[PDB]
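A.B. asks: First, the structure itself, so that you have it in front of you.
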Amino acid sequence: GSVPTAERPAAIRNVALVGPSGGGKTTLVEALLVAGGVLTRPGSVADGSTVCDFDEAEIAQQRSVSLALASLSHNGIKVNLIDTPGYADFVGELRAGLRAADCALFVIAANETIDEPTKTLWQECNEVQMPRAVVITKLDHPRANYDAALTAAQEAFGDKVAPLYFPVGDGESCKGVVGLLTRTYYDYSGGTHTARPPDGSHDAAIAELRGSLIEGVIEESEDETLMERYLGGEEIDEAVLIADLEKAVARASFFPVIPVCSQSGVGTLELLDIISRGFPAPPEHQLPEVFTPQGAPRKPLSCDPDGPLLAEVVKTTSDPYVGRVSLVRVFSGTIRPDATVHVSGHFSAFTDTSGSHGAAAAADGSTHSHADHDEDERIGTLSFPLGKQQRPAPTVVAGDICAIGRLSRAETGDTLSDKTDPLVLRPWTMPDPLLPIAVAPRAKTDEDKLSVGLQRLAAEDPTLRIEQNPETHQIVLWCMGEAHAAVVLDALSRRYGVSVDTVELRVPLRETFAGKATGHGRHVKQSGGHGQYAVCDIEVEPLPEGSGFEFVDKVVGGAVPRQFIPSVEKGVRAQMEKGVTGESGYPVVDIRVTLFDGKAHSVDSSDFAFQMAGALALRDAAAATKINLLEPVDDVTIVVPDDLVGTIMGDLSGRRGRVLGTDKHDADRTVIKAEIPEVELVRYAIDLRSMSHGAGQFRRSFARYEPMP
Amino acid sequence: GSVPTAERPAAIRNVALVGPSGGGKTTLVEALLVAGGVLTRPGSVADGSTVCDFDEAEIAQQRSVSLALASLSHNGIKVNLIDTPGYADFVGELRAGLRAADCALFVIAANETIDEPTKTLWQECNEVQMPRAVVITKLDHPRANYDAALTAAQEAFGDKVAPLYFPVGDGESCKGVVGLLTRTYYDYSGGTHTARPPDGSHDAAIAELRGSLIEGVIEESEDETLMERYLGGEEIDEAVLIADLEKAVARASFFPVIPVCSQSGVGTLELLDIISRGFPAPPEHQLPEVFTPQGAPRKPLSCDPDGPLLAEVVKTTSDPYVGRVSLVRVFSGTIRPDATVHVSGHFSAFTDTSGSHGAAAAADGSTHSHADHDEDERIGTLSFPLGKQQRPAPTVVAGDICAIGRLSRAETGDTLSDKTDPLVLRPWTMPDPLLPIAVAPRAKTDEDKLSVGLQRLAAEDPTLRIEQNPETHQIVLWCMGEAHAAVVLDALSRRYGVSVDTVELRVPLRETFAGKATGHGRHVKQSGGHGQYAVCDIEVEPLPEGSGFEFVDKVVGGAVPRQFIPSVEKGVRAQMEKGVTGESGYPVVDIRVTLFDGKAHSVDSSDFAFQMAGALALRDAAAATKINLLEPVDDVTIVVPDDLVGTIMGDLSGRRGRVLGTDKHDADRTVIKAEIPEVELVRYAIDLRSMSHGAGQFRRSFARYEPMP
Amino acid sequence: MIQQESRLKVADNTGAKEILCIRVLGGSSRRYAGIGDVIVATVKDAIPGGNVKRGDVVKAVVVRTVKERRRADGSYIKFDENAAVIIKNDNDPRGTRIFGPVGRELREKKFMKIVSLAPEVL
Ligand SMILES: Nc1nc2c(ncn2[C@@H]2O[C@H](COP(=O)(O)OP(=O)(O)NP(=O)(O)O)[C@@H](O)[C@H]2O)c(=O)[nH]1
Ligand SMILES: Nc1nc2c(ncn2[C@@H]2O[C@H](COP(=O)(O)OP(=O)(O)NP(=O)(O)O)[C@@H](O)[C@H]2O)c(=O)[nH]1
């Protein structure tokens with residue numbers, strides 16, 4: 001159909017659809033687009049004809065793995081649908097979609113109840129005070145009980161959840177719904193949407209539903225006399241109730257329930273009407289706090305095309321022919337083609353908190369550690385995403401989302417604004433991946449481009465963390481889970497031509513002397529030039545942890561020439577650095593070396609010879625005693641339900657974990673604080689999601705180093 | 001970076017770079033491509049690692065022998081650099097590339113003066129109105145005199161040649177060039193291009209160059225008040241001046257001079273800018289006149305992707321794996337895969353003109369002289385050739401050159417158009433070869449496939465002509481020179497396995513009678529079938545050349561049977577066909593046989609008998625007088641420069657030649673009317689071209705026969 | 001009747017010319033391969049610049065045989081040479097074009113790609 005174009009931010013809606021993995025979100029989006037006229041017939045995820053599930057990975061996994069955007073205009077109101085994956089491994093994409101949205105939509109099926117991942121998704125949506133609306137789908141399923149799921153929703157997320165539309169079906173294929181506020185029964189039995197008054201088969205239940213909905217809304221209505229009036233017998237006007245419901249939903253105070261038949265197309269039209277009326281506008285939505293480049297807080301801009309230019313890229317995609325396709329979320333100002341705009345790369349200062357080992361701020365890619373970058377780029381032709389097709393856009397007003405190609409250095413999450421007024425929207429919450437994945441490149445040609453490919457990968461996916469080990473010299477990919485790790489590996493192996501092989505993550509270790517010992521170092525070599533002769537008799541004794549390297553001089557009579565003692569010290573330091581345990585010795589710290597005697601030659605004494613003699617003496621002293629191996633430990637804070645406390649505690653008991661305390665996270669979850677050695681945490685996430693029906697959520701942070709038990 | 005794929009022909013440019021053999025065309029192409037970012041580092045011709053220098057013949061000859069195409073992207077504008085052979089033996093490939101491109105680049109060395117081959121190539125570029133931009137390369141040479149080359153180009157190639165950019169260096173490694181129109185000096189001394197204001201050491205010279213360039217450009221512009229403004233002291237705007245320079249260069253009026261330092265990368269970026277802005281556009285360039293399939297001309301077609309489908313092949317070769325690499329140049333309409341295009345063989349009628357004597361129209365190959373065929377073939381995969389590896393092309397808009405595989409009947413230069421509306425463009429005028437060579441098969445099986453092998457080679461090599469001689473019973477291959485002959489023989493022995501050895505080419509020859517005589521033929525053969533015995537008496541007289549064979553019978557009383565007169569006749573015809581001068585008797589011509597007497601037997605008369613009787617009578621008649629040999633003198637139209645007419649007079653004097661006139665062909669060359677024996681014309685073309693340095697063109701046409709001197 | 005140590009011509013773009021049959025897949029101790037039978041082979045001759053080189057173990061399907069083969073209709077098919085097509089694990093060709101005719105047995109063995117790409121199916 002026609003390209004949905006909006007000229008005022010009020011007429012634009014940006015709602016992110018969320019839910020469980022495979023909740024039929026893609027089918028719902030296809031049905032809505034067909035109802036919008038863009039698509040002639042509804043696509044099917046199984047057939048792969050859907051607009052949303054167009055990427056290779058989505059069809060390969062037969063489930064949403066990456067988020068997509070669709071644009072629709074209905075009743076003169078444009079809606080920017082944001083379908084997001086429903087699996088925990090892709091939580092960061094869902095959060096990014098939430099940030100770029102002014103509302104949250106939950107697509108759930110009546111035949112299955114609310115799972116714990118859906119509850120955590122509701123919590124995540126709640127902790128931005130986002131408005132949430134409940135959409136029941138898959139009503140064609142035989143086991144689809146709208147009443148049971150509705151109840152569960154009403155009981156779980158407080159009394160603020162009350163249904164808004166009452167379906168009337170046969171229990172197999174819902175033929176239509178009853179409008180509770182409008183007292184109108186919508187019918188689709190003949191294949192046409194017909195709105196007619198209910199015949200009275202549900203009139204008592206309908207009246208009950210209106211009463212409950214009115215009492216719930218009217219409380220949230222500012223008119224406290226409305227409650228009296230309704231309880232006094234006065235019939236509150238339908239338009240007034242509608243407006244009060246719209247305001248309350250814009251206040252993120254109510255969570256209505258609307259049943260939808262994605263397959264049959266039942267309820268799509270009313271659903272679009274509810275999106276266009278009851279949903280908050282970006283002007284109504286509490287726009288995110290906009291910050292100045294230098295960290296000084298700035299007053300948030302009103303959502304208007306005439307205001308100061310303010311936009312934000314929220315997705316980065318790589319295409320072999322088109323190039324980078326960056327989706328830009330605009331909040332204030334107007335974007336016009338060929339204009340030069342300022343690219344604020346997250347200004348990492350706002351994202352430098354925590355980050356564990358990787359200290360991830362934005363776009364990682366250690367050669368690009370932190371983003372914090374500023375650059376002004378001239379944009380090309382504005383476009384809107386329609387699958388792989390890009391509908392050209394004349395101008396981009398505030399409050400809308402657009403796709404821009406050929407962007408050289410634009411990245412996901414970057415704040416776009418006028419170059420004269422650089423701005424910085426508050427960045428989204430980035431989940432920290434805690435599944436390290438060490439890999440090894442197949443060739444140095446791949447390795448050289450590995451930095452560029454990983455930088456671009458983190459530009460596309462801000463949730464992936466990449467850390468290159470400085471001690472073990474291993475490149476390690478931190479991922480959310482099995483699916484996310486697979487996606488990270490595949491995209492690196494294809495989009496950038498970097499052939500890598502996953503290798504074992506090496507946990508850094510430290511070495512120190514376990515006792516006092518002495519070493520005799522001799523370096524005699526008779527080559528074709530000057531002979532070499534240097535002997536050092538050093539004494540190494542243990543030091544308290546963190547004492548570092550101390551040198552004590554006890555040379556008597558100057559047997560070691562005093563010009564070569566610093567060479568002995570340098571050799572000792574180098575030998576500590578190179579390790580003292582075999583061919584794979586870890587750095588030696590917190591030791592003291594006491595050179596008390598030695599031998600030298602009048603002609604064959606050299607600084608290098610004394611360096612070698614000191615290194616060999618240190619090696620002999622290390623071989624003259626035991627060496628302490630120090631392994632690191634990371635504190636782990638876990639949120640798990642109280643019913644599984646014992647299983648996780650016993651699992652940590654088999655994982656040598658030291659329990660620190662069990663803190664009540666809430667009425668049903670307990671925060672568990674414990675420090676676990678990093679070796680035990682290599683596969684902790686996968687086993688935990690097992691030990692928890694996925695409910696297992698934890699964070700880790702390096703604590704200190706301890707010797708191996 | 002991103003693969004060069006432009007969505008409009010205006011954002012596509014194709015330049016057929018020209019110059020002498022090993023003039024650095026490839027090297028400059030590599031430098032430009034690295035400037036665009038396609039190649040990591042610019043390859044060297046000698047090393048053979050370049051994209052253009054990949055073929056066996058190009059590497060072996062250490063130069064360009066077959067043209068190559070590369071695609072480049074610059075600021076959203078596609079650039080198609082087309083390296084062309086620098087040797088006149090492959091000037092057919094250069095002519096095709098010029099026909100394949102809308103702009104030509106003269107890659108010449110600053111240490112080399114403009115040779116006559118360069119002047120003739122400039123003339124060929126000139127009388128097709130093909131725009132040219134002067135490029136000065138090899139400035140790193142110790143004898144590299146940029147100013148000398150500039151002045152020589154300005155004096156030779158008309159006053160329209162004038163410097164555009166002024167190089168600045170220390171005389172050994174040029175450190176930069178000065179942008180005259182931009183009044184800015186670009187410096188590469190520090191390893192980075194730096195567009196900075198000039199230091200002022202040559203401000204007066206720069207200003208003079210700016211004034212000269214402006215006044216030259218204004219001359220070809222539209223605003224006639226611009227000259228009065230500039231001469232009146234008013235400073236014309238930089239942007240307007242630029243636009244005027246673009247107009248002057250595009251319209252095939254101006255020839256700006258560009259210094260290029262390919263080795264150090266100096267000037268490549270500004271050359272790319274000049275190609276992108278000041279160079280002509282495929283729509284702007286005067287496209288070849290289009291023709292209807294059935295002989296009628298058609299108005300030139302616009303370079304519009306939405307227009308009628310129109311394209312023309314520019315190279316053809318066979319690959320066992322990917323398929324026939326048919327380099328197809330698109331001019332009008334959009335070419336897409338799975339489309340059936342018209343494969344008209346140039347409809348040669350429109351190119352029967354020009355081509356010197358050979359009527360070179362389509363792919364030459366006198367066995368297939370003039371294609372003039374029709375065909376509609378479904379194309380396979382559209383690919384952008386990058387050396388051997390082909391860049392996939394999902395969509396090919398007009399104004400581009402692409403390689404299409406799996407084209408069964410495609411030949412070089414074949415016009416490709418829509419099946420519903422077949423169209424014929426104007427193909428290039430090809431320099432038909434004039435050096436004959438004879439190939440003898442080692443056996444019969446190779447000769448059986450030799451026909452299809454030579455047909456395929458002629459389809460691949462439009463400039464090559466293959467000739468079969470029925471009189472002397474040999475196959476003759478015509479090549480432009482020596483290197484092209486080596487290339488074509490290698491291709492024949494490799495792509496088709498034609499094992500042959502070079503042999504001398506034999507010219508047609510005939511025999512004639514020098515006197516009158518009578519013959520007596522007596523035959524007696526009494527075999528086991530029908531006894532044969534016949535006697536005939538004929539008379540032969542010498543006749544003027546061109547008289548042909550004649551017979552007069554004057555037998556008296558029917559001595560010989562009338563039924564056997566045809567037998568004798570045909571026997572005499574066969575005997576004179578077999579010759580009379582020994583066992584190597586050449587075909588006797590222009591002789592009249594006059595039968596008068598003979599004897600007959602009751603039973604011994606027979607067809608064969610009388611046949612031999614007449615034969616032996618012919619032998620006896622020929623035995624009494626002399627036989628004169630005649631060689632075919634062919635009219636030779638010698639075209640040499642007027643200063644070289646004296647050389648042709650001197651050498652043709654030693655060639656037993658007679659001069660029937662020296663008509664001035666044009667302002668430089670002179671048509672010479674002369675007839676020369678055929679034996680002298682086997683090597684006339686090669687020596688003519690060698691002495692004329694590429695300025696020699698000539699035609700041959702058999703006129704009559706002359707006796708041995 | 002291709003079997004152990006038999007030499008096969010290759011009808012692909014992969015760059016190999018001739019392959020040697022190592023094993024006739026499709027059951028233990030199976031002896032012969034006919035049209036439409038998958039075998040393991042080793043490449044003996046190849047284009048120097050091809051993706052497939054000499055000595056690498058590959059998987060192929062027979063498309064032409066010299067030995068006559070009966071069809072359910074009473075008709076018989078025969079070729080002058082034994083030829084095979086390199087395939088990857090999902091029963092798809094590694095090349096992009098097929099040379100020469102193929103028997104229609106491939107149709108009932110579900111080699112749709114080879115059947116579609118062949119110039120002639122008999
Ligand atoms: N009964 C029924 N099944 C549906 C419906 N929509 C999708 N499905 C089925 O559910 C599966 C995919 O559903 P869904 O998870 O929503 O697909 P997705 O959108 O790609 N994944 P996600 O929901 O996480 O975004 C398929 O097997 C599909 O046939 C629906 O409306 N009704
Ligand atoms: N010093 C110098 N040498 C060059 C330059 N360009 C090419 N050469 C050298 O000249 C030889 C080949 O040059 P060139 O004829 O331009 O190669 P080509 O382009 O493949 N052949 P052609 O010019 O006829 O198209 C090589 O030895 C190469 O190193 C240049 O700019 N400077």
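For the structure tokens, the naming scheme is as follows: chains receive sequential letters (A, B, ...) according to their order of presentation, residues are indexed from 1 within each chain, and ligands are indexed from 1 in presentation order.
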Grab me every residue within 7 Å of ligand 2, counting only C-alpha atoms and all ligand atoms, and send it over as an NGL selection string.
C.D. replies: :B and (18-28 or 44-46 or 53 or 62-64 or 83-87 or 107 or 137-141 or 261-263)
A.B. asks: Tell me which protein, DNA and RNA residues are within 12 Å of residue 115 of chain A, counting only C-alpha atoms, leaving out same-chain ones fewer than 2 positions away, and put them as an NGL selection string.
C.D. replies: :A and (19-21 or 23 or 86 or 108-109 or 112-113 or 117-122 or 149 or 152-153 or 156 or 693-695)
A.B. asks: Taking a cut-off of 9 Å and counting only C-alpha atoms, can you build a table that, for each residue of chain B near chain C, reports the nearest atom pair and how far apart they are in Å (one decimal), sorted by chain then residue number, as a Markdown table?
C.D. replies:
```
| residue | atom | partner | partner_atom | distance |
| --- | --- | --- | --- | --- |
| B:320 | CA | C:13 | CA | 7.3 |
| B:321 | CA | C:13 | CA | 4.7 |
| B:322 | CA | C:13 | CA | 7.4 |
```
A.B. asks: Between A:483, A:517, A:379, A:622, single out the one closest to chain B, counting only C-alpha atoms.
C.D. replies: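 Smallest distance to chain B is found for A:379.
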A.B. asks: Identify, on the basis of only C-alpha atoms, every residue whose closest approach to residue 41 of chain C does not exceed 7 Å; exclude the query and any residue fewer than 2 positions from it along the same chain; express the result as a list in words.
C.D. replies: residues 19, 20, 21, 22, 39, 43, 57, 58, 59 and 60 of chain C
A.B. asks: Have a look at atom CA of residue 574 of chain B and atom CA of residue 704 of chain B and let me know their distance in Å, one decimal.
C.D. replies: 24.1 Å
A.B. asks: Quick one: pick out all strand (DSSP E) residues within segment 449-653 of chain A from a backbone DSSP run and write them as an NGL selection string.
C.D. replies: :A and (465-468 or 475-479 or 500-502 or 510-513 or 517-525 or 532-542 or 549-553 or 591-600 or 627-641)
A.B. asks: Could you check the closest approach to residue 331 of chain A for each of A:526, A:697, A:417, A:366 and tell me which residue wins, using only C-alpha atoms?
C.D. replies: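 Closest residue, counting only C-alpha atoms: A:417.
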A.B. asks: Kindly determine which residues of chain B lie within 12 Å of chain A, considering only C-alpha atoms, and give the answer as a ChimeraX atom specification.
C.D. replies: /B:1-7,73,75-76,391-395
A.B. asks: Leaving out segment 341-353 of chain A and any residue of its chain fewer than 5 positions from it, which residues lie within 8 Å of it when counting only C-alpha atoms, given as a tab-separated table (two decimals) with N, CA and C atoms, in the first residue's frame?
C.D. replies:
```tsv
chain	number	residue	atom	x	y	z
A	293	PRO	N	26.84	17.16	25.67
A	293	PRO	CA	28.03	16.33	25.42
A	293	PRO	C	28.96	16.20	26.61
A	295	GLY	N	28.35	16.05	29.78
A	295	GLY	CA	27.77	15.44	30.95
A	295	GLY	C	26.85	16.33	31.76
A	359	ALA	N	34.56	-4.03	30.94
A	359	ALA	CA	34.24	-2.62	31.16
A	359	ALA	C	33.55	-2.10	29.92
A	360	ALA	N	32.46	-2.75	29.53
A	360	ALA	CA	31.77	-2.37	28.30
A	360	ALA	C	30.97	-1.08	28.41
A	361	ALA	N	31.33	-0.08	27.62
A	361	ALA	CA	30.55	1.16	27.58
A	361	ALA	C	29.66	1.21	26.35
A	362	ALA	N	30.26	1.13	25.16
A	362	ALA	CA	29.50	1.14	23.91
A	362	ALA	C	30.41	0.69	22.78
A	370	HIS	N	35.40	1.79	24.67
A	370	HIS	CA	34.48	2.89	24.88
A	370	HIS	C	34.20	3.58	23.54
A	371	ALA	N	33.04	4.20	23.39
A	371	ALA	CA	32.79	4.86	22.11
A	371	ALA	C	33.17	6.33	22.20
A	372	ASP	N	32.45	7.09	23.02
A	372	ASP	CA	32.84	8.43	23.45
A	372	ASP	C	33.26	9.34	22.29
A	373	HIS	N	32.86	9.01	21.07
A	373	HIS	CA	33.39	9.67	19.89
A	373	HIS	C	32.37	10.64	19.30
A	374	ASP	N	32.89	11.70	18.69
A	374	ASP	CA	32.07	12.75	18.10
A	374	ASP	C	32.52	12.97	16.66
A	375	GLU	N	31.54	13.07	15.76
A	375	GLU	CA	31.82	13.26	14.34
A	375	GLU	C	30.56	13.74	13.66
A	376	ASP	N	30.72	14.65	12.70
A	376	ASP	CA	29.61	15.18	11.93
A	376	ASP	C	29.63	14.56	10.54
A	377	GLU	N	28.52	13.93	10.15
A	377	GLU	CA	28.41	13.27	8.86
A	377	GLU	C	27.23	13.82	8.09
A	378	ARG	N	27.39	13.91	6.78
A	378	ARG	CA	26.32	14.29	5.88
A	378	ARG	C	25.55	13.04	5.48
A	379	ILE	N	24.24	13.04	5.73
A	379	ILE	CA	23.41	11.88	5.44
A	379	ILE	C	23.06	11.87	3.96
A	410	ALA	N	28.26	5.70	11.63
A	410	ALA	CA	27.10	5.71	12.52
A	410	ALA	C	26.92	4.34	13.16
A	411	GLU	N	26.56	4.33	14.44
A	411	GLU	CA	26.47	3.10	15.21
A	411	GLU	C	25.17	3.07	16.01
A	413	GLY	N	22.75	3.15	18.97
A	413	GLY	CA	22.77	3.88	20.21
A	413	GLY	C	23.39	5.26	20.12
A	414	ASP	N	24.04	5.59	19.00
A	414	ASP	CA	24.61	6.92	18.83
A	414	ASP	C	23.50	7.96	18.80
A	415	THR	N	23.77	9.11	19.42
A	415	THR	CA	22.81	10.21	19.47
A	415	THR	C	23.07	11.16	18.31
A	416	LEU	N	22.09	11.28	17.42
A	416	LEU	CA	22.17	12.17	16.28
A	416	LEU	C	21.46	13.48	16.61
A	417	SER	N	22.09	14.59	16.26
A	417	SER	CA	21.53	15.91	16.55
A	417	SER	C	22.15	16.91	15.59
A	418	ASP	N	21.67	18.15	15.67
A	418	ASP	CA	22.27	19.22	14.89
A	418	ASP	C	23.71	19.43	15.33
A	419	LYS	N	24.59	19.69	14.36
A	419	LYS	CA	26.01	19.83	14.68
A	419	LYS	C	26.26	21.03	15.58
A	422	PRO	N	24.97	19.70	19.74
A	422	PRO	CA	25.16	18.26	20.00
A	422	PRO	C	24.42	17.84	21.26
A	423	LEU	N	23.74	16.70	21.18
A	423	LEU	CA	22.92	16.21	22.27
A	423	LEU	C	23.27	14.77	22.60
A	424	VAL	N	22.81	14.30	23.77
A	424	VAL	CA	23.05	12.91	24.17
A	424	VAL	C	21.88	12.30	24.92
A	426	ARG	N	19.71	9.64	26.97
A	426	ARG	CA	20.14	8.69	27.98
A	426	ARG	C	20.20	7.29	27.38
A	427	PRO	N	21.34	6.62	27.42
A	427	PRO	CA	21.45	5.30	26.78
A	427	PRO	C	20.60	4.26	27.48
```
A.B. asks: Calculated over only C-alpha atoms, which of the candidates B:315, B:699, B:143, B:570 has the smallest distance to residue 96 of chain B?
C.D. replies: B:315
A.B. asks: Might you pull out every residue within 12 Å of segment 29-33 of chain C, with only C-alpha atoms counted and same-chain residues fewer than 3 positions away left off, and present them as an MDAnalysis selection string?
C.D. replies: chainID C and resid 1:6 8 21:26 36:40 60:67 69 82:84
A.B. asks: Write out as JSON, numbers by chain all residues of segment 2-118 of chain C that DSSP puts in helix (DSSP H, G or I) for this structure's backbone.
C.D. replies: {"C": [105, 106, 107, 108, 112, 113, 114, 115, 116, 117]}
A.B. asks: Give me the residues near residue 11 of chain C as a list in words, where near means some atom within 8 Å (using only C-alpha atoms) and where sequence neighbours in that chain fewer than 6 positions away do not count.
C.D. replies: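 Skipping anything fewer than 6 positions along the chain leaves residues 17, 83, 84, 85, 98, 99 and 100 of chain C.
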A.B. asks: Would you kindly return, as a PyMOL selection string, each protein, DNA or RNA residue with an atom no farther than 9 Å from any atom of residue 565 of chain A, considering only C-alpha atoms and excluding same-chain residues fewer than 6 positions away?
C.D. replies: chain A and resi 553+595+607+610-611
